[PDB]
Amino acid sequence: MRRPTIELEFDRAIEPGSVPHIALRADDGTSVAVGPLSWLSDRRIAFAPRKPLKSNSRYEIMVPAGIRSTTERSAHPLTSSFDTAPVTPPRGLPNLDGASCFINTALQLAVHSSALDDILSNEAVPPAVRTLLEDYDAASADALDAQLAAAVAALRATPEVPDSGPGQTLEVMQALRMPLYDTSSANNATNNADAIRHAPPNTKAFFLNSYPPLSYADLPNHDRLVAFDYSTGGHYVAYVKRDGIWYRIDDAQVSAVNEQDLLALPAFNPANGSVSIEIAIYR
């Protein structure tokens, strides 16, 4: 999933030697080299990145200007973009000890975030947690269950997560060492929404600790939004986006949802006054 085969089909017939140093580029401009170019036809090349790609990250294929056609140079660089995130539906995480939905929801948001690879190589993160996130897509049902129980115990043993009983999803994020951008600490906003719209361009995860609390409809930049937690007061649920499709994950229960559903989620429970969305993940 992170070292895939990429093939590009050009409109005109391209002479070899005309095609330049093709490279993939991450969002911050970092270039990864590719291997040798395979010529499937005179208008179809195939290649793969030498070094593995970051998970849950957008990459840009650039064919630099100057691709010579058999007829003629290329005026502008040819650019295409893809994403290394999985497209299979997400998996459920059973609520084992009865009071871990805050741990389950937080892991769900972490495995769908661009910080995943940084979490997986952070030795301050408990290794049982890095094990579970590593094979989240590939593990069997019984292996995922056993790995989840190991990750819950390792998390509850850290100083950040309560040793038993319920919690808040932020506490698990602090144990994962996942850097979050606090909306209230922004230089240029006095509310949650404008703090996100005006964050530094490389910012991909937000902790909404300003006012007013935001509904899904108020979350800026729906195009690039991929995950967020939803609190009802005493329960946690994860919403994650894969292949353009939103899934609601209530612990072990995964279900597809419609955009119409998400625009009806309130910014807080009007009964107990508890905030609902505190973590927002973008790609």
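One rule holds for the numbers: they count along the sequence shown, beginning at 1.
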With respect to the deposited sequence, is there a break between residue 121 and residue 122 in this entry, and if so is it 1 to 3, 4 to 9, or 10 or more residues, or none at all? none
Greater mean Cα temperature factor according to the PDB record, 59-67 or 239-247: 59-67
If you average the Cα B factors in the entry, which is higher, 4-12 or 273-281? 4-12
Given 171, 117, 97, 182, identify the residue with the highest C-alpha B factor in the PDB entry. 97
By the entry's C-alpha temperature factors, tell me which of 210, 108, 203, 74 sits highest. 74
Tertile call for residue 48 (CA temperature factor, within chain, third-based) is the lowest
Determine, from the deposited record, the chain-internal third of the Cα B-factor for residue 36: lowest, middle or highest. middle
Of the three thirds of the chain ranked by Cα temperature factor, residue 233 occupies the highest
Using only modelled residues of the chain, where does the Cα B factor of residue 141 rank: lowest third, middle third or highest third? highest
Considering every modelled residue of the chain and its Cα B-factor in the PDB entry, is residue 215 in the lowest, middle or highest third? middle
